[PDB]
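See structure below.
Don't worry about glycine lacking a Cβ; one is built from the backbone with ideal geometry, like all the others, and counts go over all protein chains shown. Computed from the coordinates by the stated procedures, all read-outs in this text should not be read as laboratory data.
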Amino acid sequence: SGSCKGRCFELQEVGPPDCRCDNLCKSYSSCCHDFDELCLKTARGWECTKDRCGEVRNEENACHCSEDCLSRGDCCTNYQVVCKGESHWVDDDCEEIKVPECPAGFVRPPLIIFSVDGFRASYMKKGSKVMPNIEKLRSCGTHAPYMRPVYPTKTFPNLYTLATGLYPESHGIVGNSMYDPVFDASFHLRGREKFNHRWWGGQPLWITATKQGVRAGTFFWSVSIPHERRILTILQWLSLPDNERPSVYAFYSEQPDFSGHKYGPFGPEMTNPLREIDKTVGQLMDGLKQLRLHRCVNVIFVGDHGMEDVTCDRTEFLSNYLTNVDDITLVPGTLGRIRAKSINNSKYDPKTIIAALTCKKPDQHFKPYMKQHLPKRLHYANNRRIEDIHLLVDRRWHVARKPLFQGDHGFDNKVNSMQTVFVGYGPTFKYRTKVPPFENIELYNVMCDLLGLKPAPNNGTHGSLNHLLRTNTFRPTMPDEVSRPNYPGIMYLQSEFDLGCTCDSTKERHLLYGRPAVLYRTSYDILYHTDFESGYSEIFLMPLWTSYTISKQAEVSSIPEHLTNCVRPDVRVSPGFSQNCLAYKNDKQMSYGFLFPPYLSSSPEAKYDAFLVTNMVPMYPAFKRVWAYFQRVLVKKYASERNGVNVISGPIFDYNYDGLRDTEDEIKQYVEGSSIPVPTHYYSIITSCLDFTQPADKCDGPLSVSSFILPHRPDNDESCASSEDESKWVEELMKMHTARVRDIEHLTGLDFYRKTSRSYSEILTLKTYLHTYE
Ligand SMILES: *[C@@H]1O[C@H](CO)[C@@H](O[C@@H]2O[C@H](CO)[C@@H](O[C@@H]3O[C@H](CO[C@H]4O[C@H](CO[C@H]5O[C@H](CO)[C@@H](O)[C@H](O)[C@@H]5O[C@H]5O[C@H](CO)[C@@H](O)[C@H](O)[C@@H]5O)[C@@H](O)[C@H](O[C@H]5O[C@H](CO)[C@@H](O)[C@H](O)[C@@H]5O[C@H]5O[C@H](CO)[C@@H](O)[C@H](O)[C@@H]5O)[C@@H]4O)[C@@H](O)[C@H](O[C@H]4O[C@H](CO)[C@@H](O)[C@H](O)[C@@H]4O)[C@@H]3O)[C@H](O)[C@H]2NC(C)=O)[C@H](O)[C@H]1NC(C)=O
Ligand SMILES: C[C@H](CCC(=O)N[C@@H]1CCN(C(=O)OCc2cc(Cl)cc(Cl)c2)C1)[C@H]1CC[C@H]2[C@@H]3[C@@H](O)C[C@@H]4C[C@H](O)CC[C@]4(C)[C@H]3CC[C@]12C
Ligand SMILES: CCCCCCCC/C=C/CCCCCCCC(=O)OC[C@@H](O)COP(=O)(O)O
Ligand SMILES: [Ca+2]
Ligand code: NA
Ligand code: NA
Ligand SMILES: [Zn+2]
Ligand SMILES: [Zn+2]
């Protein structure tokens, strides 16, 4: 417990018992007694003035304007501008940085991450009027229209996703507040508990760097260190000798979130907070220019989430729905999480709670879900810290337990107001380049590539952001197919089938982008037909995928009356590896549907192919209403609008809600007295030509995709308008359950788009794309 002299913001760890002088010492109440005195000098502010140029060095000043300051590494960021007639970085023209211009001794371009809390993507519209430095970074660098945060759209899940490339369910920081039933402890911004490493999973970038010999401190700063001091400390660290200097740095600003919450996102009061951020950015760049590192360093300007208009009057109370609200604990606000108030309560029943919250009031501004029924695109279920009951709250509303600020965030990560920013500037990024919106889970890989690091396993798709960089150290390669398909001929007689059923240029046309590869061990059959092709699993007794193409002027027919209950045995597949219709009769709850729609057959003769037992899938009657509407009405609609479409459809089994393809052992439900497994979800991937004037089967250029993962539910309680015509609700339900192709690949162990005219990086970008319907 001595002194900090010569050790301010030192990069080593010290003690215990010895006192600390590092940038987190205040957070551990461990700074040496003279830390405030030596290390947090504030005298005379942060800006040089003409008066002070060539002053005699006074050790009391926050920063210096003396002739030695540049030797000493501690000039104010504007010193050269005020005293040498240099220009502020923002006043110089954009000049493309073809190669890193670094001082001798630098082995890689440093990375600086400048994260802003609550920075809404639409704030970039306010432009160089308010934020000339940010606008310049955006303009001369690489930028997206916006970047998608993860759900929940709160700070800590997003900050730690940025650093790990992991979903909150994987990294463990699933909210700003959490309860962990195994630890029997709670995590909050206020508390000792957040300091235990046990909450923090994955491998953040600082650890990835350090384990691979790249110097990198933890990204957190003690909040009591002012913004200007942090910037000066980063600058001083960048002046260190080669053997002590870090290659990655982080700055966090709590603005403009703090003002967003008070005044709302569209308040006139937001201008000054944004001017203040921009001034801090200006300090960093001016400082970098002072050190001749301004064409050496890569800078990421990134937000964690946006901000919405939310007032106290738009609050739903659970007391208006639940007779007994004091038996529950609620994590409230822009999402809901419900659990039992006490584990001692044995009458506590989740099903009664869900029923009592489901579709009661006409305007109802939240929706309850068991977490395994949340849209799969959220990836918000596979963690014991996420409560079984979840409430999705409508944008602009809160939920609270009982009745006894005007901006908020935390909503569904596809909501517009939740979108945030991304700008990359420096030698490794492209120059003056706009890139499409992408998800913040993808940045960890990029940051690894900017630092020559091997990423730890994460949820980014490595290579899908290659188009952001001038130089790509990572070239992705298609995974090798693991199981090769069988091609069964006509073997069996119809008399060999005891299934209890009764009835009264394929590849080039129907697999436009090639055959999906199966990336796990299994046994499956390719089945060709006039209107569609399929990969039929002999283990699961149904298609893994079914693929077909519908031209712009293809025609919809009905299932004629006499084939209504038609299921025909498939002579290419053995009785032993087929479904049977007897199981469906014996299952009172379960009906069946088809993957290729009989509705879209090319002829009445081809229509018979649709009724094969090998095109059949278990479907709840409730779900058939959704599925029939998609197949009969929507598929044709999309083919019209997009000038034909290619459709790949299939089952998903995810009983343990981990976003990954279930093994047989992990399947928990079968059609009554059979071993026909019941899917948890059904997917479709719908592809066409981005240029819609070119039809889907003759496309020269980029592709356009939209997909979904529909949950396979025995009721339509999710849809509060489901007692009406399907035209009133199925499509809204589908859009809620929009998905990336990549989500489907994880859920099915399939790899799509193996045969295209496009680069594989471009295909990785196609597979990460999400159609949000915003
Ligand atoms: C998003 O991307 C994720 C990352 O790839 C995917 O998540 C992974 O999923 C797999 C498959 O389900 C899962 O694998 C299981 O792992 C069990 C062991 O779990 C512990 O160890 C791992 C490994 O830690 C090291 O590697 C990870 C990356 O995975 C890295 O981030 C770590 O820092 C650590 O790094 C060190 O080692 C590596 C080399 O291994 C070095 O390269 C590196 O330099 C480091 O030195 C940890 O990930 C686990 O972490 C979980 O649990 C802890 C403790 O509770 C949590 O704090 C943490 O948040 C995390 O929790 C999440 O995952 C668990 C499941 O693991 C969930 O229950 C939970 O809700 C959270 O979501 C553990 O510390 C292993 O026993 C198990 O083995 C079984 O299957 C195999 C199959 O071969 C069989 O052989 C056996 O019979 C077993 O039955 C299985 O292998 C990974 O753990 C998991 N990783 C992460 C980070 O979550 C995710 O699926 C993907 N999502 C989607 C939708 O695609
Ligand atoms: C949870 C606290 C931090 C409290 C806080 O609200 N800090 C604010 C908001 C963001 N801040 C910040 O500087 O953010 C930088 C940042 C940027 C980006 Cl892009 C991503 C990320 Cl993730 C962060 C200023 C912190 C303080 C100390 C932390 C612990 C470490 O001292 C030791 C280890 C390090 C391991 O990697 C993780 C576990 C560990 C115990 C840390 C847990 C989190 C602690 C307690
Ligand atoms: C070598 C000495 C070993 C350590 C001695 C520890 C002394 C025992 C006291 C423990 C409680 C607090 C000490 C550790 C963390 C200090 C907490 C702190 O200073 O931050 C409070 C935090 O909520 C503020 O939340 P926000 O400001 O809202 O982020
Ligand atoms: Ca699974
Ligand atoms: Na039935
Ligand atoms: Na309903
Ligand atoms: Zn935040
Ligand atoms: Zn906030």
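Restricting region 581-611 to residues that are within 39 Å of the chain's Cα centre (by Cα), more than 16 Å from ligand 5 (Cβ to nearest atom) and outside any loop (DSSP other than H, G, I, E, B), the residue that is surrounded by the fewest Cβ atoms within 10 Å (Cβ to Cβ) is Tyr599.
Counted as qualifying within region 522-578 are the strands (runs of 3 or more DSSP E) with 3 or more residues that are under 25 Å from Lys624 (Cα atoms), namely 533-537, 542-550. Among the residues that make up region 649-658, is at least one of them of a type outside the set (D, E, K, R) and farther than 24 Å from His379 by Cβ? Checked region 649-658: no residue is of a type outside the set (D, E, K, R) and farther than 24 Å from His379 by Cβ.
Return yes when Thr461 is more than 16 Å from ligand 2 (Cβ to nearest atom) and surrounded by 16 or more Cβ atoms within 10 Å (Cβ to Cβ) and no when it is not. It is true that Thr461 is more than 16 Å from ligand 2 (Cβ to nearest atom) and surrounded by 16 or more Cβ atoms within 10 Å (Cβ to Cβ).
Within region 524-548, the set of residues being of a type in the set (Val, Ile, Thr) and surrounded by 23 or more Cβ atoms within 10 Å (Cβ to Cβ) comprises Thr546 only. Among the conditions (1) away from ligand 7 (no atom under 16 Å from the Cβ); (2) outside any loop (DSSP other than H, G, I, E, B), the only one that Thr161 does not satisfy is (1). Out of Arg120, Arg72, one residue alone is basic (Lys, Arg) and crowded, with 16+ Cβ neighbours inside 10 Å. It is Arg120.
For region 208-218, the criterion of a residue being away from ligand 1 (no atom under 16 Å from the Cβ) and surrounded by 22 or more Cβ atoms within 10 Å (Cβ to Cβ) is satisfied by no position. Does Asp22 satisfy the condition of being under 30 Å from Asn158 (Cα atoms), within 16 Å of ligand 8 (Cβ to nearest atom), among the acidic types (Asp, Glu) and buried (at least 19 other Cβ atoms within 10 Å of the Cβ)? Spelling it out, it is not the case that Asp22 is under 30 Å from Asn158 (Cα atoms), within 16 Å of ligand 8 (Cβ to nearest atom), among the acidic types (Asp, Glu) and buried (at least 19 other Cβ atoms within 10 Å of the Cβ). In region 243-263, the residue that is farthest from ligand 4 (Cβ to nearest atom) out of those that are within 23 Å of the chain's Cα centre (by Cα) and surrounded by fewer than 19 Cβ atoms within 10 Å (Cβ to Cβ) is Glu254.
Considering region 616-656, and only residues there that are over 29 Å from the mean Cα position of the chain (by Cα) and of a type in the set (A, V, I, L, M, F, W, C), the residue that is farthest from ligand 7 (Cβ to nearest atom) turns out to be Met616. In region 145-186, which residue that is buried (at least 24 other Cβ atoms within 10 Å of the Cβ) and of a type in the set (A, V, I, L, M, F, W, C) is farthest from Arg120 (Cα to Cα)? Among those that are buried (at least 24 other Cβ atoms within 10 Å of the Cβ) and of a type in the set (A, V, I, L, M, F, W, C), it is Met178. Here the condition is being under 25 Å from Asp725 (Cβ atoms), buried (at least 23 other Cβ atoms within 10 Å of the Cβ) and not β-branched (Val, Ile, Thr); of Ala628, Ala622, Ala639, it holds for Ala639 alone. Only residues that are more than 16 Å from ligand 5 (Cβ to nearest atom) and closer than 21 Å to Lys376 by Cα were counted in region 659-678, giving 10. Are any of the residues in region 296-307 within 23 Å of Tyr444 (Cα to Cα) and in contact with a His (Cβ under 8 Å, 6 or more places away or on another chain)? Yes; the residues of region 296-307 include at least one that is within 23 Å of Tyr444 (Cα to Cα) and in contact with a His (Cβ under 8 Å, 6 or more places away or on another chain).
Taking every residue in region 589-607 that is over 27 Å from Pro677 (Cα atoms) and within 16 Å of ligand 7 (Cβ to nearest atom) and pairing it with any residue that is small (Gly, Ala, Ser) and outside any helix (DSSP H, G or I), at least 6 positions away or on another chain, yields no pair with a Cβ-Cβ distance below 9 Å. Across region 568-610, the qualifying residues are those that are among the aliphatic types (A, V, I, L, M) and within 18 Å of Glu538 (Cα to Cα), and the one among them that is farthest from ligand 4 (Cβ to nearest atom) is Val571.
Of the residues making up region 445-472, those that are in a loop (DSSP other than H, G, I, E, B) and not polar (S, T, N, Q) number 12.
Only residues that are part of a loop (DSSP other than H, G, I, E, B) and touching a helix residue (DSSP H, G or I) at 6+ places or on another chain (Cβ under 8 Å) were counted in region 739-770, giving 7. Can you pull out the residues in region 264-292 that are surrounded by 23 or more Cβ atoms within 10 Å (Cβ to Cβ) and part of a loop (DSSP other than H, G, I, E, B)? Correct list: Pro265 only. Here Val617 clears all of (1) under 21 Å from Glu745 (Cα atoms); (2) away from ligand 4 (no atom under 16 Å from the Cβ); (3) part of a loop (DSSP other than H, G, I, E, B) except the condition numbered (3).
Scanning region 490-509 for residues that are closer than 9 Å to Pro569 by Cβ and either among the charged types (D, E, K, R) or part of a helix (DSSP H, G or I) (or both) yields a count of 2. Given the criteria surrounded by fewer than 19 Cβ atoms within 10 Å (Cβ to Cβ), of a type in the set (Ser, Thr, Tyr) and not in a loop (DSSP other than H, G, I, E, B), does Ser27 qualify? It is true that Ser27 is surrounded by fewer than 19 Cβ atoms within 10 Å (Cβ to Cβ), of a type in the set (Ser, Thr, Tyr) and not in a loop (DSSP other than H, G, I, E, B).
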